[PDB]
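Beneath this line is the structure, given in structure tokens, with notes to follow.
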Amino acid sequence: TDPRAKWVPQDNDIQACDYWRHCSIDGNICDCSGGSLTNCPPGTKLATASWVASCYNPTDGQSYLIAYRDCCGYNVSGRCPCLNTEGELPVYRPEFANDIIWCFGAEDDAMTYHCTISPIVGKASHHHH
Amino acid sequence: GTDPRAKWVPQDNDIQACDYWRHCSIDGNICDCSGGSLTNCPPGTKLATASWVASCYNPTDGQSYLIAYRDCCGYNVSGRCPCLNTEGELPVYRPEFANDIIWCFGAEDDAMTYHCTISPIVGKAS
Amino acid sequence: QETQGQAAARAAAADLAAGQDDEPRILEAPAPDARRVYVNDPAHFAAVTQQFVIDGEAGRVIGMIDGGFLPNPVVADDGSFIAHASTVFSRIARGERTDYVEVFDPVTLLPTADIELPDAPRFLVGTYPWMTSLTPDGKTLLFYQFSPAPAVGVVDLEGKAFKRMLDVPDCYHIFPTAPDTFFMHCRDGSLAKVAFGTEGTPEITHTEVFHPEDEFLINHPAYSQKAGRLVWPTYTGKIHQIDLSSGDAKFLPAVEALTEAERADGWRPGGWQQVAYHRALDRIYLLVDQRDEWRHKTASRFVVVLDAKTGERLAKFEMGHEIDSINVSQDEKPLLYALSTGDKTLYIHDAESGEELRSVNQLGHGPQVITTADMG
Amino acid sequence: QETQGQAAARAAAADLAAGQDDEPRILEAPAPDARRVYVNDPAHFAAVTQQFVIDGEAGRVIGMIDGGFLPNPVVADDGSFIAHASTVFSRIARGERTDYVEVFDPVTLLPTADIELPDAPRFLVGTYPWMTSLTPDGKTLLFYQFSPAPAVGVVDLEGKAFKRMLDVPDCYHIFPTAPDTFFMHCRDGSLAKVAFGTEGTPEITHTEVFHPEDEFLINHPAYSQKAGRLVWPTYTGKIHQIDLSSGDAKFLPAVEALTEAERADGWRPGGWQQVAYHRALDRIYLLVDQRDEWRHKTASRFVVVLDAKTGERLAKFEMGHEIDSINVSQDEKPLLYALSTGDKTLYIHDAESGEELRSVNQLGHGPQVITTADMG
Amino acid sequence: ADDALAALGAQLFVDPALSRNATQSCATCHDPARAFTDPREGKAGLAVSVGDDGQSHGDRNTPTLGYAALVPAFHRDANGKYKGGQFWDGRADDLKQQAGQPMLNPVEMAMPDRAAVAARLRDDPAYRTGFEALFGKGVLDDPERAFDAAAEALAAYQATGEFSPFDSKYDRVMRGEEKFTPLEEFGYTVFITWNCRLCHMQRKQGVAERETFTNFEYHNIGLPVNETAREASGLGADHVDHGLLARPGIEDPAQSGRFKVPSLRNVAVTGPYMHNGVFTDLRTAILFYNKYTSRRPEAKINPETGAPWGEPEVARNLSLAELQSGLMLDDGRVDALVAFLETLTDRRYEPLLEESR
Amino acid sequence: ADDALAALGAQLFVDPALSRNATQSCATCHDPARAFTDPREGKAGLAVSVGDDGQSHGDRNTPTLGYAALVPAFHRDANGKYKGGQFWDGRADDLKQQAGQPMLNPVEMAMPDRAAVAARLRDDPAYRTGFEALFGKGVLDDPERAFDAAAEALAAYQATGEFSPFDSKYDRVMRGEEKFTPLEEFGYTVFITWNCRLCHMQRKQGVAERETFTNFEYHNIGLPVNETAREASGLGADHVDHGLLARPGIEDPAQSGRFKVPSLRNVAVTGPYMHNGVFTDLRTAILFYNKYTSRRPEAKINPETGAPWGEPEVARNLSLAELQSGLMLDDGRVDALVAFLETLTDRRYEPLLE
Ligand code: HEC
Ligand code: HEC
Ligand code: HEC
Ligand code: HEC
Ligand SMILES: [Ca+2]
Ligand SMILES: [Ca+2]
Ligand code: NA
Ligand code: NA
Ligand code: NA
Ligand code: NA
């Protein structure tokens with residue numbers, strides 16, 4: 001609730017903006033519009049592109065790579081909006097950038113932004129973060 | 001603040017407030033808030049020829065006037081100065097007094113999207 | 001106790017610790033059921049709008065459907081599909097208008113039909129559920145047109161095509177009673193029965209006049225298609241009930257939602273969907289509050305529940321929030337849904353005790369319409 | 001201190017009293033001028049969006065323009081037109097995509113061109129003003145494409161036609177310097193100069209790498225076409241300035257916006273449009289506050305003003321609201337515009353004293369981008 | 001002075017000695033018992049009037065003089081919209097310019113010239129007395145002076161309360177002396193919310209002090225030629241009534257086919273309707289408007305003939321933006337408008353309303 | 001025990017007495033000095049290998065045996081995707097069922113039968129002792145038990161830590177023992193944010209305990225025929241390699257042209273690449289994926305030939321959803337990927353990177 005303070009990850013509620021995996025989420029948590037933490041809501045199309053971040057998990061004290069993937073082809077959900085930017089780099093480092101609509105690869109060429117999932121794709125490990 | 005259920009109290013001192021006396025049966029957004037004026041449409045929008053009326057009491061002169069609202073059409077809803085008043089407003093089957101209807105008919109280019117409403121006087125009440 | 005987001009965090013934590021795998025994919029919404037509820041957000045006349053598909057039992061958003069300008073949602077009562085008539089333009093709110101009907105699968109939410117409506121014939125109005133309506137067999141959708149004159153559009157959902165416009169008298173709303181028949185309310189104070197074929201003048205019959213020109217019938221009557229019960233409050237909480245189950249209109253005795261002392265003390269209905277009807281309980285629910293007589297679209301904070309047969313008051317709940325619309329689940333121990341357009345929140349109450357049970361917030365910009373299927 | 005709505009109630013009462021007639025009509029916006037400001041609402045990724053045209057002097061909305069999904073606005077510095085690259089879909093957010101450019105008359109707000117962009121070539125991203133750009137002569141519009149690879153699309157506004165895509169290397173943003181030339185910022189730390197004839201590969205030459213792999217340059221540099229000054233803050237408030245006024249890139253002395261002390265106490269730029277540049281005053285404005293290193297997109301409450309030539313701080317303003325974006329008018333005694341995404345409100349300040357003068361609220365759902373024409 | 005001038009006009013108005021064969025006065029075609037319109041049957045029914053020669057028919061329907069004194073003199077506003085004037089095509093500037101024209105029109109009163117008119121005025125000792133008192137001695141001996149003085153007298157007489165009494169039920173209702181019937185009130189509400197008020201109210205907005213239900217502008221509503229009246233007038237099968245474009249000095253081809261919006265005061269009693277008298281019934285004149293709005297086949301059929309309304313006499317410059325309102329008047333709303341328009345009848349003509357209703 | 005069994009497999013693995021003319025062992029083609037692949041230059045270069053007879057070439061590139069013991073036994077998973085097994089077309093269930101096949105394959109080791117294999121096993125006193133101690137007395141007198149026990153020993157030998165040491169730079173970096181170079185970490189970041197991780201990672205999400213950079217699935221990536229290798233194989237210019245559909249029991253037409261996702265471990269040193277060895281350079285193999293994504297003229301051209309890639313040998317069941325990612329790998333990212341793949345080299349093959 002102080003927006004400029006260091007972000008304090010928690011591991012007890014995925015719908016809140018301070019959930020540890022949402023460390024570089026930009027948009028809306030899919031779990032608030034009929035998705036789940038790592039699945040898209042009905043009617044949306046799951047992109048194959050992602051932006052990645054290394055997110056600290058307060059629970060096991062380990063750092064996980066989160067490869068955010070967008071659920072596309074619906075107007076933005078309006079529910080549980082969140083913008084965090086841990087390790088987030090500018091657009092010219094697109095692998096870590098999150099203003100970009102990462103809807104590439106989505107079925108039916110769906111490119112509109114509805115919400116984002118936060119699946120873990122590895123441990124590791126970044127120089128910038 | 002301000003009881004939505006209280007009897008409405010017209011004022012003749014600020015056309016951007018929902019209690020301005022001509023807005024007694026407005027539904028939507030005051031055009032004056034998106035670049036129109038009390039009785040003109042904003043640039044880019046199209047002026048309907050249809051209207052719903054109401055008899056609105058003017059506390060400046062003690063007279064009731066007929067206000068024939070007309071929509072400004074062909075733009076998404078302005079989203080500025082929303083207001084809904086229903087003084088004398090009757091259900092949809094008495095459409096000349098019914099204000100949920102998008103009164104955009106007659107607008108140029110067949111515009112039927114609702115942007116805002118103007119509040120011109122067209123008569124004295126009777 | 002434990003929120004959905006908290007239960008989710010715990011389960012993900014446990015999958016992570018167990019090395020449990022799982023494919024990121026597109027969810028299916030859970031099977032439609034009686035505690036499913038749909039909230040449509042006309043978004044105060046915005047050009048694009050949202051419907052939220054909600055599990056009433058968990059208080060959970062299970063899906064969403066996009067729509068265009070003031071769409072009309074319908075929900076098939078047996079749960080097999082949902083649909084809306086909707087309006088888009090080539091350049092957001094400007095240019096070529098396309099009106100169309102979409103039918104959706106209720107689990108995947110994917111459109112299974114997209115039916116163009118010729119010549120942009122939809123009535124653009126703040127959303128009245130009974131301005132677009134499914135026939136009881138779910139095969140036809142009927143939609144009201146106002147301009148250039150009152151008319152009703154017939155859309156074949158099974159064959160996925162627009163059929164025809166029907167000329168009607170100076171009447172409003174559409175309460176289908178049969179695959180080929182619906183009722184409308186007319187400016188003269190009667191109901192019109194309209195029976196239509198594929199071609200030919202509809203057979204239009206008027207009932208008797210059932211109300212004086214100065215009793216005003218609200219834009220949001222409750223109608224239970226399966227009961228054929230039309231429940232139509234006036235501005236004063238006088239309730240007309242019309243029984244359409246015979247196929248013809250039978251006028252039921254009028255009841256008063258408010259007592260004479262309440263009325264003398266300024267109690268009146270008000271809101272949007274002011275009235276709900278529970279078919280199995282034969283119970284009417286009315287949004288009421290103390291208000292001036294021309295404040296009839298403002299929120300209300302009380303629901304009176306009265307027996308539809310006797311008019312006896314069973315409860316007066318203090319909702320505790322500013323409620324514009326109500327509806328009920330049609331199962332037994334029903335839920336009472338109380339949507340606040342101001343709060344953008346659906347409050348989910350126990351219809352028997354009036355207790356708030358849970359709520360779903362962040363439902364668009366100005367959500368106004370609640371729909372449930374009557375699946376029982 | 002009489003408000004615009006009060007002044008308007010008074011003129012209306014007087015017309016009524018004098019029996020003065022007037023024709024209800026479509027107004028024209030007042031002539032574009034230096035105090036006109038445009039606020040774009042990307043609406044937090046909503047499928048349709050709005051631009052607000054504001055008379056900054058009066059603090060009055062004087063017009064609006066609708067747009068589709070994350071459109072890129074542009075404003076001809078001379079005030080003779082505005083334009084955007086926009087994106088619509090045939091069913092709100094789904095179905096066939098059309099990317100297109102509209103050019104608008106700046107007083108009627110009517111579209112004067114509508115130019116289809118083939119094969120949906122726009123970069124869909126939270127709005128960066130320099131991802132779509134007018135050439136100085138206003139005859140061409142260039143837009144960035146990311147997929148399948150970095151590219152730049154050339155749109156002829158004069159013949160109202162798309163021309164072709166330019167291959168570029170791994171670079172970003174588009175800063176036109178001439179009818180046939182623009183720069184981009186590359187991954188490798190260089191700037192690329194792109195010179196396109198009418199035919200074939202453009203001629204692409206690189207500058208020196210001008211920053212380390214670990215010095216992060218923000219997505220919203222300020223760029224003055226008329227001065228050829230590219231002002232590029234990095235994440236620590238360090239400011240790159242590149243002079244493009246000769247046709248080729250000369251690097252100005254790098255400058256620091258926060259004091260070496262201040263950075264030690266957690267001062268960093270943050271927001272959206274973190275930086276403004278006033279051409280006649282040669283002056284950089286920067287949204288800074290005390291924050292963690294990875295809270296770079298959060299609102300800021302302070303603006304610092306520094307001289308472009310030396311880096312001397314000139315003022316530090318306490319904005320009194322959570323500001324996400326700033327910009328300035330380009331006339332004498334400029335306004336400093338401070339847009340709060342959170343408040344949906346453009347606060348209009350005196351750029352000399354930093355005092356709040358007036359503000360325009362209800363600027364959509366998440367307004368982010370301020371644009372002004374440089375007309376002097 | 002103001003009394004006397006009007007009283008002299010009252011006298012000329014009813015005087016047939018101002019017509020060649022002495023058979024015709026203003027009052028013959030502008031009959032005070034019929035709201036100053038012509039009750040006489042000609043070769044085209046009541047569409048057009050017959051002149052003093054007993055044979056010549058005009059090409060336009062004789063309009064009421066009631067409330068004609070409320071119309072502004074002809075001018076172009078800053079809109080570039082022409083307003084005001086007299087005659088259906090606005091070609092007279094004002095009442096005074098108009099009054100001499102029937103006198104010399106070979107199709108109407110047919111006096112050969114101003115001198116013949118002057119010689120008639122001199123023949124009557126009351127005119128020598130009345131004219132000389134208002135205009136000076138020997139006025140009647142100067143044909144230009146006599147003619148201009150007669151036109152002034154006649155304009156002044158049309159400006160009296162006699163022509164514009166404002167004592168219709170509408171007026172009485174707007175004074176709070178009575179209420180409209182519920183049909184009438186509904187007719188009023190339709191009138192003021194539908195497209196009729198875009199042309200048949202004085203003002204675009206605000207309240208008129210003396211409403212006469214016209215904005216005095218010129219519109220081409222796309223009326224067909226009245227065939228019988230056009231044959232009676234003898235102007236030719238190829239003749240086109242250009243309306244306002246026929247006013248001399250108007251060159252703008254955009255004005256072709258535009259006619260001055262008539263005051264709707266006394267409309268119920270001054271049928272037939274439109275500039276060529278083409279429609280007999282008030283209801284038909286209202287129904288004509290549905291042709292631009294209704295999708296029903298009946299909307300294109302003139303209920304008086306059972307045939308299409310007809311091609312517009314002038315197919316261009318139609319007021320489509322106003323006419324094509326997107327809403328059709330159902331029968332309940334047409335009856336409501338008839339009832340409303342009937343409240344516009346001056347008190348003294350209320351008895352005429354019997355044989356309309 | 002599980003040890004002696006493996007040590008027996010160790011002996012069989014380098015014994016050419018298991019080939020007809022006693023000229024080749026498993027190690028001939030799966031050369032431990034070359035990450036268990038074939039160094040020997042042939043008619044089609046290194047694309048396919050030559051059998052015991054000195055002339056018969058195979059139609060498929062000899063794959064590494066490193067990490068093959070991590071592949072699950074062939075099965076169809078609950079979403080209907082076939083996974084696991086051995087050979088490029090999954091036609092063997094597991095390493096045990098695979099081991100006897102090269103022995104009897106006339107194009108490879110070319111023993112006439114299980115009996116002739118048993119005969120060669122008996123000629124060696126040391127096999128008599130080793131087999132008998134593990135499977136019991138007379139095991140070698142019975143051709144069926146002899147052959148099955150030999151396959152068993154080989155499979156166990158392939159399951160030892162020697163074939164799967166997880167000592168690559170990648171493994172060390174995941175242990176936090178070392179860091180990736182900037183280029184390598186870019187490659188890693190690209191590999192897991194771009195399409196590659198859709199096929200070349202063990203799991204959809206979470207962290208694998210022993211990552212081998214394959215999900216074990218079957219995908220038709222739309223490869224052309226290897227002209228010279230197909231010629232050398234003698235299978236005929238008409239022939240179509242149907243991939244997984246050639247496994248007996250698979251009848252599904254949708255599997256035609258599909259091949260097992262190879263493990264990318266040691267990929268830097270087991271060129272040429274793909275099931276038919278068509279690309280000699282790693283860089284080419286990576287570049288092939290741009291044919292699906294990039295608009296540029298160069299994307300349609302094999303940089304090794306300077307000619308178009310070729311029509312797919314099987315023009316259907318392409319994994320378009322995964323391959324048409326919408327994004328093109330520029331030179332920099334292809335560089336980063338080569339750098340990342342090289343980190344998947346086992347410690348003992350680091351010297352081969354040169
Ligand atoms: C029948 C032969 C007529 C006699 C005698 C007079 N008038 Fe007339 N009037 C007549 C017609 C056919 C018309 C319309 C002609 C046209 O070209 O539009 C008129 C019109 C007028 C008007 C204009 C009214 C209006 O435009 O609303 C006036 C003021 C008028 N008439 C007055 C008038 C006077 C004063 C007469 C005696 C001198 C007189 N009219 C004679 C038909 C006939
Ligand atoms: C301007 C575009 C108009 C609108 C909208 C309406 N009317 Fe009209 N009306 C108009 C003109 C220009 C004329 C004269 C046309 C001609 O060339 O003759 C009229 C005429 C009438 C009449 C006949 C009156 C008479 O002959 O004295 C009636 C009864 C009438 N108009 C009524 C009317 C109603 C009820 C309307 C809303 C449906 C309406 N008009 C619209 C100009 C215009
Ligand atoms: C060259 C003549 C070879 C000899 C001798 C052996 N193998 Fe082999 N191996 C070879 C090829 C051409 C292939 C692929 C053939 C195909 O149809 O796909 C193989 C494959 C294997 C595998 C599967 C590895 C994987 O699928 O990733 C295994 C486990 C294997 N080979 C083991 C093996 C053993 C144990 C051998 C001696 C008995 C042996 N091979 C000999 C080429 C040649
Ligand atoms: C599933 C659709 C895949 C995607 C996406 C990627 N790869 Fe792949 N790869 C896949 C298969 C099925 C195969 C073998 C194909 C065949 O028929 O031969 C491969 C092969 C490789 C190779 C060759 C390795 C070898 O031992 O020969 C390399 C170097 C490779 N793949 C790398 C790679 C990269 C870097 C990718 C993202 C750009 C990538 N692959 C995508 C399956 C799929
Ligand atoms: Ca007439
Ligand atoms: Ca190989
Ligand atoms: Na006729
Ligand atoms: Na003329
Ligand atoms: Na080859
Ligand atoms: Na098979």
Side-chain angles (χ1 to χ4, degrees), chain F residues 9-10 12-16 18-19 23-31 34-38 40 42-54 56-71 74 84-92 94-111 117 147 150-159 163 212 214 216 224-233 241 243-244 246-247 259-280 282 285 302 304-305 310:
Chain F
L12 300 161
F13 184 84
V14 305
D15 198 347
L18 278 36
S19 68
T23 85
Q24 88 183 7
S25 72
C26 313
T28 305
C29 288
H30 297 278
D31 195 319
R34 218 180 98 128
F36 299 103
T37 65
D38 197 350
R40 299 173 306 148
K43 287 163 150 194
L46 266 9
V48 297
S49 288
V50 184
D52 183 60
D53 73 20
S56 306
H57 297 235
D59 195 55
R60 285 174 178 170
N61 179 246
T62 295
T64 183
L65 303 186
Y67 303 93
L70 288 120
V71 177
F74 185 88
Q86 300 290 162
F87 291 126
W88 288 100
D89 59 6
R91 72 171 180 287
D94 66 13
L95 290 166
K96 178 154 192 189
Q97 295 321 294
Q98 196 281 341
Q101 310 190 36
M103 283 171 222
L104 305 180
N105 182 347
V107 31
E108 298 164 334
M109 303 167 91
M111 297 297 287
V117 177
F147 192 80
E152 191 130 282
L154 287 154
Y157 175 51
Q158 296 165 273
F163 286 77
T212 70
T214 169
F216 316 121
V225 169
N226 185 337
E227 175 97 318
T228 58
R230 170 60 41 78
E231 177 176 10
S233 73
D241 184 343
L244 179 50
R247 165 193 253 258
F259 290 93
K260 171 168 75 46
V261 182
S263 163
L264 296 185
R265 289 183 170 266
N266 293 320
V267 70
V269 312
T270 56
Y273 295 102
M274 309 306 175
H275 69 256
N276 59 8
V278 49
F279 308 136
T280 67
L282 179 55
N302 183 343
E304 289 168 20
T305 65

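Each ligand, and each atom within it, is numbered from 1 in the order the structure gives. Within every chain, numbering begins at 1; the chains are lettered A, B, ... in the order of the sequence lines, protein sequences first and strands thereafter. Values below: all heavy atoms of this structure, side chains included; hydrogens, waters and symmetry mates excluded.
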Residues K96(F) and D94(F) bridged, charged N to O under 4.0 Å =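 Here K96(F) does not pair with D94(F) in a salt bridge, since their nearest N and O are not under 4.0 Å apart.
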Within a radius of less than 6.0 Å around CD of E227(F), do more than 12 heavy atoms belonging to other residues, nucleotides or ligands occur?
->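 No, because the 6.0 Å sphere around CD of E227(F) holds 12 heavy atoms or fewer from other groups.
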Which distance, rounded to the nearest 0.5 Å, do you find between the [atom1] of [X] and the [atom2] of [Y]?
| X | Y | atom1 | atom2 | answer |
| --- | --- | --- | --- | --- |
| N276(F) | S233(F) | CG | OG | 10.0 Å |
| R230(F) | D241(F) | CZ | CG | 6.0 Å |
| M109(F) | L18(F) | CE | CG | 5.0 Å |

Counting only protein N/O/S, how many atoms fall short of 3.0 Å from the Na ion (ligand 9)?
->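 Protein heteroatoms (N, O, S) closer than 3.0 Å to the Na ion (ligand 9) number 2.
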Is there a donor-acceptor pair under 3.5 Å between the side chain of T212(F) and the backbone N or O of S263(F)?
->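 No, the answer is negative, given that no donor and acceptor are paired below the 3.5 Å cut-off.
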If the cut-off is 3.0 Å, does any N/O/S atom of [X] fall short of it from the Ca ion (ligand 6)?
| X | answer |
| --- | --- |
| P272(F) | yes |
| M274(F) | no |
| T64(F) | no |

Evaluate the side chain to side chain contact (heavy atoms under 4.5 Å, CB included) criterion for residues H30(F) and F13(F): first the C-alpha distance (whole Å), next the side-chain angles of each, then the deciding distance (0.1 Å), finally the verdict.
-> CA-CA 9 Å; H30(F) 297 278; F13(F) 184 84; 4.0 Å; yes
Please work out which of the three classes, parallel, tilted or perpendicular, describes the rings of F163(F) and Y157(F), given edges at 30° and 60°.
->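 Plane angle over 60°, so perpendicular.
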Check ring pair (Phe, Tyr, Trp, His ring centres under 6.0 Å) between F74(F) and all other residues, then give those that pass, not counting sequence neighbours.
->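 For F74(F) the ring pair (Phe, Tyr, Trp, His ring centres under 6.0 Å) partners, ignoring immediate neighbours, are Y82(F).
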Tell me, please, which residues at least two apart from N61(F) pass side-chain hydrogen bond (donor to acceptor under 3.5 Å, both in side chains).
->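 Residues passing side-chain hydrogen bond (donor to acceptor under 3.5 Å, both in side chains) with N61(F): none at all.
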Taking any residue with a non-hydrogen atom under 4.0 angstrom from an atom of ligand 3, which ones do you get?
->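 Shell around ligand 3 (4.0 Å, heavy atoms): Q24(F), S25(F), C26(F), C29(F), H30(F), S49(F), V50(F), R60(F), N61(F), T62(F), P63(F), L65(F), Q86(F), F87(F), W88(F), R91(F), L95(F), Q98(F), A99(F), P102(F), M103(F), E108(F), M109(F), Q158(F), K260(F).
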